[PDB]
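Q: Below is the structure I would like to discuss, written out as structure tokens.
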Amino acid sequence: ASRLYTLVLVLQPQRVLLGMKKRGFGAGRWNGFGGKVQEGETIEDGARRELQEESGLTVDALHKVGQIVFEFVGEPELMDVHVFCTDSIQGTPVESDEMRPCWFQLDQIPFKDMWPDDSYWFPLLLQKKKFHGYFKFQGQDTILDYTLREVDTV
Ligand SMILES: Oc1ncc(Cc2ccccc2)c(O)n1
């Protein structure tokens, strides 16, 4: 089995919104907004909920742009992350207990201070190409295996 997660990227013509995760798993890396999908909500509802909780933002429409499956060695559940994009947003991004939001120019994405997988899949995100990814990690720093392909349906 796998555990459902959400990841949301606010991608505008000249900038992308990321949040510095301040506590919990992966703290100290810039990341999209998201987390675990709960019982009683759709995946898209969970994505909106996490975006709202972490940044204060609401959105008209989220678009499905990818799926990334993560294996962490020694962890029995695969993590099935559903990736979403939006261009337009409602509200001003504000800091939460979990996340400190900042806009980045598309040529200044801080990949060295992001999850290592992002280097591989972000360019597909920026090109508006839908994708399926798989990454096996040993801890939080080392990618042992991975696959990445473009898909017609996410
Ligand atoms: O972009 C990006 N890549 C990897 C992670 C780590 C992760 C955490 C929870 C479930 C799956 C993966 C992440 O949070 N963000």
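Read in PDB author numbering, the sequence shown has 45 at position 43, and its numbers run on one by one without any break.
A virtual CB, placed ideally from N, CA and C, is assigned to each residue, including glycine.
#1: Comparing C-alpha positions only, which one of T8, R5, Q110, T44 sits nearest to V18?
#2: Give a yes or no on whether the C-beta atoms belonging to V67 and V156 are separated by under 8 Å.
#3: In the DSSP assignment, what residue or residues form a beta bridge with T8?
#4: Tell me whether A49 is buried or exposed, calling it buried when 16 or more other Cβ atoms sit within 10 Å of its Cβ.
#5: Is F72 near ligand 1, in the sense that its beta carbon is under 7 Å from a heavy atom of that ligand?
#6: Any heavy atom of ligand 1 within a distance shorter than 7 Å of the CB on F113?
#7: Among residues of its own chain, excluding the 5 on either side of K138, which ones have a beta-carbon nearer than 6 Å to its beta-carbon?
#8: Does the beta carbon of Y148 fall short of 7 Å from some heavy atom of ligand 1?
A: Reading off the structure:
#1: The residue you call residue 18 lines up with position 16 of the sequence shown. In terms of CA proximity to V18, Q110 leads the group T8, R5, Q110, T44.
#2: Position 65 of the sequence shown, counting from 1, holds the residue named residue 67. Position 154 of the sequence shown, counting from 1, holds the residue named residue 156. In this structure, the beta-carbon distance from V67 to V156 falls below 8 Å.
#3: In the sequence shown, the residue the question calls residue 8 occupies position 6. Looking at the DSSP assignment, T8 forms a beta bridge with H84.
#4: As a first step, residue 49 must be located in the sequence shown, where it is residue number 47. Buried.
#5: The residue labelled residue 72 in the question sits at position 70 within the sequence shown. It does: the Cβ of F72 is within 7 Å (strictly closer) of some heavy atom of ligand 1.
#6: Locating residue 113 in the sequence shown gives position 111, where the first residue counts as 1. No, ligand 1 has no heavy atom inside 7 Å of this Cβ.
#7: If you number the sequence shown from 1, residue 138 lands on position 136. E73, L146, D147.
#8: Taking the sequence shown and counting its residues from 1, the one referred to as residue 148 is at position 146. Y148 Cβ: outside cutoff for every heavy atom of ligand 1.
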